[PDB]
Amino acid sequence: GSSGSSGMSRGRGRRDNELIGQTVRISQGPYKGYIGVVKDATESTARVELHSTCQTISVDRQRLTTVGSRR
């Protein structure tokens, strides 16, 4: 039926799983120039799932260049 959670609040500030799902493009490492979706966000790394190799690899959050369609 039509049921829901009394409160519509998930996180107070900015959840570490925010960047999770965004398109990131590796700039460093052996995967330089590779695209992937951030699956997990680490303190000094980020588990991204490549599109081609369709594999989940961890890379420095910084080493990752957040992608974003432009003109």
# chains A, B, ... in the order shown; residues from 1 in each chain; ligands from 1

call {"tool": "select_by_dssp", "arguments": {"residues": "chain A", "states": "strand (DSSP E or B)", "output": "count of residues only"}}
result
23

call {"tool": "residues_around", "arguments": {"residues": "residue 26 (chain A)", "least_positions_apart": "3", "cutoff": "9 Å", "atoms": "only C-alpha atoms", "output": "MDAnalysis selection string"}}
result
chainID A and resid 29 31:36 59 63:66

call {"tool": "atom_distance", "arguments": {"atom1": "CA of residue 17 (chain A)", "atom2": "CA of residue 69 (chain A)"}}
result
21.3 Å

call {"tool": "closest_residue", "arguments": {"among": "A:49, A:71, A:55, A:61", "to": "residue 16 (chain A)", "atoms": "only C-alpha atoms"}}
result
A:61

call {"tool": "residues_around", "arguments": {"residues": "residue 39 (chain A)", "least_positions_apart": "6", "cutoff": "10 Å", "atoms": "only C-alpha atoms", "output": "list in words"}}
result
residues 17, 18, 19, 20, 21, 22, 46, 47, 48, 49, 50, 56, 57 and 58 of chain A

call {"tool": "write_last_selection", "arguments": {"atoms": "N, CA and C atoms", "output": "short mmCIF file (atom, residue, chain, number, x, y, z; two decimals), in the first residue's frame"}}
result
data_model
loop_
_atom_site.label_atom_id
_atom_site.label_comp_id
_atom_site.auth_asym_id
_atom_site.auth_seq_id
_atom_site.Cartn_x
_atom_site.Cartn_y
_atom_site.Cartn_z
N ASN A 17 28.82 8.98 0.59
CA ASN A 17 28.34 8.23 -0.57
C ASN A 17 27.68 9.16 -1.58
N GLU A 18 28.00 10.45 -1.49
CA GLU A 18 27.43 11.44 -2.40
C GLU A 18 28.03 11.31 -3.80
N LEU A 19 29.36 11.32 -3.87
CA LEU A 19 30.06 11.20 -5.14
C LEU A 19 29.82 9.83 -5.77
N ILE A 20 29.27 8.91 -4.98
CA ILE A 20 28.99 7.56 -5.46
C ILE A 20 27.91 7.58 -6.53
N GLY A 21 28.32 7.32 -7.77
CA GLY A 21 27.38 7.31 -8.88
C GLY A 21 27.75 8.29 -9.97
N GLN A 22 28.62 9.24 -9.64
CA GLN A 22 29.05 10.25 -10.61
C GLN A 22 30.10 9.67 -11.56
N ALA A 46 39.11 5.79 -3.73
CA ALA A 46 37.74 5.76 -4.22
C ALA A 46 37.52 4.56 -5.14
N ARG A 47 36.60 3.68 -4.74
CA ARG A 47 36.29 2.49 -5.52
C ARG A 47 35.43 2.85 -6.73
N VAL A 48 36.06 2.92 -7.89
CA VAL A 48 35.35 3.25 -9.13
C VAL A 48 35.23 2.03 -10.03
N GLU A 49 34.08 1.90 -10.69
CA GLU A 49 33.83 0.78 -11.58
C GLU A 49 33.98 1.20 -13.04
N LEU A 50 35.09 0.82 -13.66
CA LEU A 50 35.35 1.17 -15.05
C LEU A 50 34.17 0.77 -15.94
N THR A 56 35.81 -2.98 -10.68
CA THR A 56 35.84 -2.02 -9.59
C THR A 56 37.25 -1.87 -9.03
N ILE A 57 37.89 -0.75 -9.36
CA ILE A 57 39.24 -0.48 -8.89
C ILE A 57 39.27 0.73 -7.97
N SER A 58 40.17 0.70 -6.99
CA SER A 58 40.30 1.80 -6.04
C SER A 58 41.39 2.77 -6.48
#

call {"tool": "atom_distance", "arguments": {"atom1": "CA of residue 44 (chain A)", "atom2": "CA of residue 13 (chain A)"}}
result
19.8 Å

call {"tool": "closest_residue", "arguments": {"among": "A:51, A:7, A:42, A:1", "to": "residue 24 (chain A)", "atoms": "only C-alpha atoms"}}
result
A:51
